[PDB]
Every structure is written in structure tokens, then in C-alpha cells.
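K.L.:
Quick one, fold the following:
(7 chains)
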Amino acid sequence: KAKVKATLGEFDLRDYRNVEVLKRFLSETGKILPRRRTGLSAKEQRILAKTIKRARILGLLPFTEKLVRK
Amino acid sequence: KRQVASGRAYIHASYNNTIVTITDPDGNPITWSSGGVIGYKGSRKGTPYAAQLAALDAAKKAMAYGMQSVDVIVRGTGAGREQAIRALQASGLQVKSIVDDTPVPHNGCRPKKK
Amino acid sequence: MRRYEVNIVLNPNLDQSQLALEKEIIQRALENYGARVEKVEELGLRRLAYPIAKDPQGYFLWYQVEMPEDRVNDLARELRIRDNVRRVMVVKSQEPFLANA
Amino acid sequence: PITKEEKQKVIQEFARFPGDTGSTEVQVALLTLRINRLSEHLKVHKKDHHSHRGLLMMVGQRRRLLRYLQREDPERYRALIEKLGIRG
Amino acid sequence: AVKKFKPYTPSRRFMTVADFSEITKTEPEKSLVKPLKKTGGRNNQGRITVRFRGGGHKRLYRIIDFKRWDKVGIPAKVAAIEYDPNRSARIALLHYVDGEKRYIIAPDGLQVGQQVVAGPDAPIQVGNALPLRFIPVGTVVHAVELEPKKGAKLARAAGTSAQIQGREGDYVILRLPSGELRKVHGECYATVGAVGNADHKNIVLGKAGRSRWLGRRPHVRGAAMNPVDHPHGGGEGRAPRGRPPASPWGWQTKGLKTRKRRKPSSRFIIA
RNA sequence: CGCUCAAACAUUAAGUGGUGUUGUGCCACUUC
RNA sequence: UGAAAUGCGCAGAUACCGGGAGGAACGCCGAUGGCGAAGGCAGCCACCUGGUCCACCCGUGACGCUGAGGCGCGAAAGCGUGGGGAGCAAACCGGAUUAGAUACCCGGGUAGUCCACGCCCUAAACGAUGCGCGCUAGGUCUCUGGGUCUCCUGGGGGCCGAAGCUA
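P.N.:
Residues are numbered from 1 along each chain as shown, chains lettered A, B, ... in the order given. Sure, the structure comes next:
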């Protein structure tokens, strides 16, 4: 389909406060998108996950959303 | 309990039965059906046709309660899964919106010997 | 002496007399264990992502200080006691790692 | 950890000539700080066996360097062993 | 933890005694308003209401500030972790800058020289005493009141404590040194932290004597006696219980509940 | 019709047991 | 559950909403991946800490390698003392199966699994490959560090194969 990273701008992937930004890797499922959807790299991928959970404890990034229509 | 408009049906699909419940927009069971509210016993209850009959039964009694518009939230993985919803189409009850909220742990309690 | 990004959340369902009575206890608290307040932001109430304490709102604070590390724990410890202080997360501050530079 | 500036304090008091950061002196003295630094840690961190591995390794290396520094020039060794209060 | 012994003698290849490394090099109890005479091997009529007592060691009671509210917000620098021969725990002779000196059960985590104090404005900090309303949920806490202005009397044994489960109404829920989830009025005082000498349970008396020094007399078994004395009276060979195991007064002895049905305190306890 | 038994018989290459079914009183394991 | 039965349920169960207690374990990331001497190691936060890698060619100046004995670490089960106990669970009882079923399958179930402290010191403790160093074509995938970089240069994990080795 498309690359998430290739829809945004220049963003520090360590500010666990920019929800709008981070949330875009969260999936309409609440699951930390796999590598082959976000289009990240090794290094990058892990610290992204870092500041993810870091912000999930701040009620900022949803843990899980029951799937929509089915 | 009272005759109301909106609502919400709950598909609990096991593997040796499947159950559901009509419940007011608050979350409290108005009516409910299963594989045994169908008569079929044992394994029969793991059946889609049993599920059709379940949903039909469930929703059926809702329409006797003035029920019309109902949301949907299902859990499990029973052979009557989708079927418990597709019966809820030819039910006359507006499937206002269907949703899946099957329980799934971040992995914690160690599982039975299977 | 090290750089940290202390985080906090507040009970959203309260005024500004008790709220400006609350922030002062984090102040008094910090200065107790030598915390040197730097660039402090405040994003107040916030439509939370999952219900905490049954209220989907939480008044966010955010600090960033230089302080003695061997007491960085006992700073956080202190912070949580207030029953109106819901969330507290101390972390060590770090450089902007770039993404899509 | 060990402050880089209180680390230079070490080389300074052990450098057998400015511009020196390799003399077995500076090396022994070094490991010692790391040793005792690590010794103390494990004192109240007894469970940390992992870390004890190192405590042996840093010691071996120090005991080795001390072998040579004694085997080559004895007089200098005597002065060191005392400054560091070792060999007990 | 505890001092063992080489077996230079039987009843001494098991018997251990606590390492009083916690005691603040102190023997003389504060002769001050602290130690007063103590006695009584049996009840007021010259009778016996508790088999097997006496033979003590001649003891002085140590007055203990349990209420601790008559001195709110008056800081008292700790002075002494003392031995007290009337509890599972040590005592802590504290001194207030008010001059006057008192005594408090020695909690776990008590060094000598803490700025401990009573009252609610006091920091929820080990050794500090305050009403539960101010102590957050989960906080461990000893020497607990039961009804306001009445005094502590819960969790006062070595290493015993109560945890706070939550608030409900004007009461707070405690999981007692037993797991009894009971409500207790908020305005009741406590003492943040658990109790000291927790390491005491692991003692082993060792010999008869040690028992006696305590005052516990030799307790003679039921079936050792005669049909005249005790229900188990058969004594006809090491012979079994007639059934069902029972007290020297007849009441069954295993699993017979005895708390009175309708003590008005039931409505204040769960499980 | 259901229930217990000692045989004739049937299932297997064979054995064993089981069982099937009549008669009677009321697929498993093994082949030196 | 292959079908059931024991089991549980008009004591109002199953399913559902809300509140609380409790324990253990960390979904997605997450992997052909990382680290560790080995055993082994996954929420996150902090502190304490070992090892390790690259660049600079600055420092000492053969101070190295191995290593009987000794010393320490050492999955799991197990053992002592105390705490803890939701889930799982030998043993244990029950249902079925079976000629029999101490088993497979199912319902229930205790020690244990978890914590501290101590002991235990075993193993398909497996790469079934002791360690250190020099030498002998390359291709490709990945992890990681440096370098103006469709490329070289170190380190680590795989596959394929020069030479050679091999029963």
C-alpha cells in the first residue's frame, strides 16, 4: 500500500508527546504496526517502540481498540 | 428492562456452543439465547444453524420488547461466529453497528494443558 | 547533576484554587531534593486514550531539571503520594534522534 | 559510574610524567579504582554474580600488570603497592 | 539474623537467641516516667483462670505511648532502640524537643535520630504516626487504633503490620495482621511502617528452661490426665481420643467457631 | 424388550481378547 | 467432547455492565534479530553495574597464551526456614476409554511453580565442535560502528560455495 513515514514531515521520534504523529503508527487496532507497514529501519524501529509504551502509560497512545465493522 | 429503542447484542461464540444477549444501551441484558435455547445438545451447539436459531431467538424476543436498533459486540471463535451476526440481518433488527472485542491478554496467566 | 524529563498528571475535576494549591506541593517538593526547574510546560486537561481513574481527563504537567541522581527516585516517590496526583513518570532527558530528517 | 574528571585526578597523581596515560602505574591505579568501586557495589549487591565475573577479570589483569612491574623494576613496585594500599 | 550455638551441650544445638544489633547500646530503661512495677500469676479471687503461668524473670512494665495524639506536630528525635521484655518487639525511647520523653514500639526501619512526629500534617514516613485519612492506600502501618481517641492495639507484635485497601465512607479498610479485611474509622491513629524485630519468629527456645524463664509453665496434655480432670481421660495405654477432641471443659477443640454471632462489630468486618 | 452366562457361528492370514448376532435364565494387542 | 459422562445451574449458574481484592506473566514491537563465558536474558521507569565494538596512533613497551589443583557462576526438578498462592499443576479422587488403563482424553486437585536467605551442582549443561594466534577464492542476506558513500572499511549473526578436509 503506502508508507506511513512517507506521509509526514521532520519529527523527532523520541518526543512521547506528539500523539497525532505517533498515533499514525498505532493502527486502527491499537497494535504497534509491524516493520513492513511503517517503513522504518532496524535502529529506528526499536526506539519508536520505546517512546510508544513510554506514552501509552501517559494515557496518550491507546493500548487496544476493538475492531470496527465486521 | 423497559420497552426501549436502541440496544446492543453480544455474540459469545465458544466451540461447543454459542450464546448472545440483547442488552440496553447501558449494557444490561434484556434478553439472551444460546445453543441450548435451541434444543440442540452437546456438539450440535457448536453449529452455525444452531447459531442462526440462537440469534433469531435472541433478537426475536427483543422485537417483543419494542427493540429495533441494536449495536453488536462479539467474543469467541465459534462456527456460529459470523453466522450469529448474519442471522441478525434477516432479524429485522437494525444492526446499528457491529464490533469485535474478543478478549485477548498481553499474555499473563499460564494456559491449561493445551 | 543530570538532566531529566519528569512527568505528571493531575485530577482534571478540580478548580484552580486547589489546583494552584496542588502545583505548589510539587514545587515545595522539588526544591526539597534540589531540583532545578527548567523549561516547564503545561498541557492541562487532555482527552486521554484509555480511562484512568474512570475520568477520561487528566491535567498534564511537564518539567525538566538538573538534579542529584541518587535521589531521583525519592523525588518521584514523593510526587505520587498526593491522591490528586494520578500519574508520575521520571525519565532521563535525551538528544533529538531524527526521523525523516 | 566514575566521573571522567575525578578519573583524571587519578592519572595526575599517578602519571610518572605528564602526557602519560599508559604506564603500568596508571593502569594498576586505574583498575584499583574500578575494583574498589565495583567491590563496594557488590558489597550491598551480593546477588549480582554477573558483575563478579568482571571483578575477577579486572583483578587478574591488575595482578598481571603487577607481576611485570615487580619483575622488571622492584623499587617502583614497592612505592606503588603502598600508594594503593594493596597486597594484604 | 539470629545467634546459634555450637552444641557444647544439648538443648543448645538448636536454641537460638536474637542478634540485638538493633539495640542502641542501652540497658537501663528510662527510669523516668517509663518503668513501673508489674505482677500477677492469676486472678483477683485467689483462683487460676489461665493454666500454666508464673516463674517469670521479675519484669518492669514499660509505659507505651500508643494513643500518640496528645502530642501532635511535636517533633521527637529518636534516642533509643531498647529491649522491652513484655512484647515481641523492641521499644523506641523517643525524646521531644518539648523536653519530655516517652516510649513507642520500635518499628521496622527505625534508626536512632529520626525526626519522627505525630499528627496528620506529618509526612507519611516510617515511624510517623497519623490518622488514616492522610495515609494513602497500600501504606503499611502498625500500632493501629480501632475507635478514634481510644488508642492503638492492632499490629503491635514483631514484624506485624496492616495494609490499607482503600477508602469507603468515613472508614478505611485494613487487611489486618491476619487478612481480616475490616473497616476502621478514619480519625483513628496509626504508625506508618510495620513493626520491628520481625526476625524474632525464627528463634528456637531450645530447652525447657528457656520456656520457663519466659513464664510458660509445663503444660500437661489432655489424655495424660484422668477421666476426672479432662475429657481425654482414658489413660488406658497411649489410647486415642474418645471424640471429639475437646477442651478441659467439654467444648470441641478443632474448628469450633466462638466469636459471638451478633457482635455489633460484624457490620464493620469482611472475611 | 432389557439384563447376566457357557457354546455353535460370524469379523482377522493366524492367535488373543473384544464384539456382532443367535443360543441361555428372566477394531485393539501378539505371532517363539 | 471423536461422542459423552462426572462437573456446574431455578441456592438463579452460563453470557453482560459496573465496583473491589489478588497473583503471575509481559500482547503488538518481535524477527531468518541483540546480548551473555556458560546457565541463560523481553511492559516501562530510575539508580547501581559487567562486558563489548568502532574512530584517533596519543600512552606503556612482549607485561602474552594456556592452565592439573583451587576458587566462583551454573536451566530445571529437588531440600531447609519464612512469606505468597490468580493461573498451571506431578501425586491424588472422580468421568470415559480399554479385556485391564495406575496412561493417552475430560472435570476437579496438593506440593510445586513466585519472593527472601541458605543448600543442592545435575543435563541431548549440544554447535553433541576446549582455548589463543597466523594462514587459505568469493557470493549473498541481516545486526552494528566509522568514512562525502549506487562504495570501501572493522566487528557480530546466517546461507551458498574456491582450495582442502571426510568413513
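
K.L.:
So which bits of chain B are right by chain A?
P.N.:
Residues of chain B lying close to chain A by C-beta under 8 Å from any C-beta of the partner chain are B:73, B:97-101, B:104. Where you see a C-beta, it was placed from the backbone N, CA and C, and this is true even at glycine.

K.L.:
So which residue is dead centre in the chain?
P.N.:
All of this is about chain A. residue A:25 (2.7 Å; C-alpha atoms, centre = their mean).

K.L.:
ah, I was thinking of chain E
P.N.:
Centre-most residue of chain E, counting by C-alpha atoms, centre = their mean: residue E:157, 3.2 Å.

K.L.:
What is the nearest of the residues of chain B next to chain A to residue A:31?
P.N.:
Closest approach to residue A:31 among those (C-beta to C-beta): residue B:104, at 10.5 Å.

K.L.:
Now the closest one. Its backbone dihedrals?
P.N.:
Main-chain dihedrals, residue B:104, degrees, to the nearest 10: phi -160, psi 110.

K.L.:
what's the answer for residue A:36, then?
P.N.:
The phi/psi pair for residue A:36 (degrees, to the nearest 10) reads phi -80, psi 50.

K.L.:
what's the answer for the one 10 residues further on, then?
P.N.:
In this entry, residue A:46 is assigned phi and psi values of phi -70, psi -50 (degrees, to the nearest 10).

K.L.:
Where does chain A get nearest to chain B, which residue?
P.N.:
When scored by C-beta to the nearest C-beta, chain A has residue A:66 as its residue closest to chain B, at 3.5 Å.

K.L.:
Give the closest residue to residue C:6 in space, chain neighbours not counted.
P.N.:
Among residues not flanking residue C:6 along the chain, residue C:63 sits closest, at 4.3 Å (C-beta to C-beta, 6 or more residues apart in numbering or on different chains).

K.L.:
Those residues of chain C touching RNA strand G, which are they?
P.N.:
Contact residues, chain C versus RNA strand G (C-beta under 7 Å from any atom of the strand): C:2, C:4, C:54, C:69-70, C:72-73, C:76, C:89-92.

K.L.:
Select only the buried ones of those residues in PyMOL?
P.N.:
In PyMOL syntax, the buried subset of the residues of chain C next to RNA strand G is picked out as below (16 or more other C-beta atoms under 10 Å in any protein chain shown):
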select buried, chain C and resi 4+72+76+89+90
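
K.L.:
Among the residues of chain C next to RNA strand G, name the ones in helices.
P.N.:
Among those, DSSP state H puts C:72-73, C:76 in helices.

K.L.:
quick one: secondary structure of whichever residue of chain B sits closest to RNA strand G?
P.N.:
Of all residues in chain B, residue B:42 sits closest to RNA strand G, at 2.1 Å by C-beta to the nearest atom of the strand. Following DSSP: H, G, I helix; E, B strand; the rest coil, residue B:42 is assigned to coil.

K.L.:
Quick check: closest non-adjacent residue to it.
P.N.:
What sits nearest to residue B:42 in space, not counting adjacent residues and going by C-beta to C-beta, 6+ apart, is residue B:16, at 7.4 Å.

K.L.:
Name the SS class of the one you found, please.
P.N.:
Put simply, residue B:16 is coil when judged by three-state DSSP.

K.L.:
quick one: contacts for it?
P.N.:
For residue B:16, the contact set (C-beta atoms under 8 Å, 6 or more residues apart in numbering or on different chains) comprises B:42-43, B:45-46.

K.L.:
Going through those, which ones are buried?
P.N.:
Buried subset of the contacts of residue B:16 (neighbour count, 16+ other C-beta under 10 Å): B:45-46.

K.L.:
Which one of the contacts of residue B:16 is nearest to residue E:152?
P.N.:
Closest to residue E:152, out of all of the contacts of residue B:16 and judged by C-beta to C-beta, is residue B:45, at 59.3 Å.

K.L.:
Could you grab the helix/strand/coil label for that closest one?
P.N.:
Each residue gets one of three states, and residue B:45 gets helix by three-state DSSP.

K.L.:
And the helices in chain D?
P.N.:
So, for chain D - with DSSP H - the helices run D:5-14, D:24-44, D:50-71, D:74-83.

K.L.:
Just the buried positions in the longest one, please.
P.N.:
So that's helix D:50-71. For helix D:50-71, a neighbour-count test (16+ other C-beta under 10 Å) marks D:52, D:55, D:58-59, D:62, D:65-66, D:69-70 as buried.

K.L.:
near RNA strand G too, which of these?
P.N.:
Among these, proximity to RNA strand G is found for D:52, D:55, D:58, D:65 (C-beta under 7 Å from any atom of the strand).
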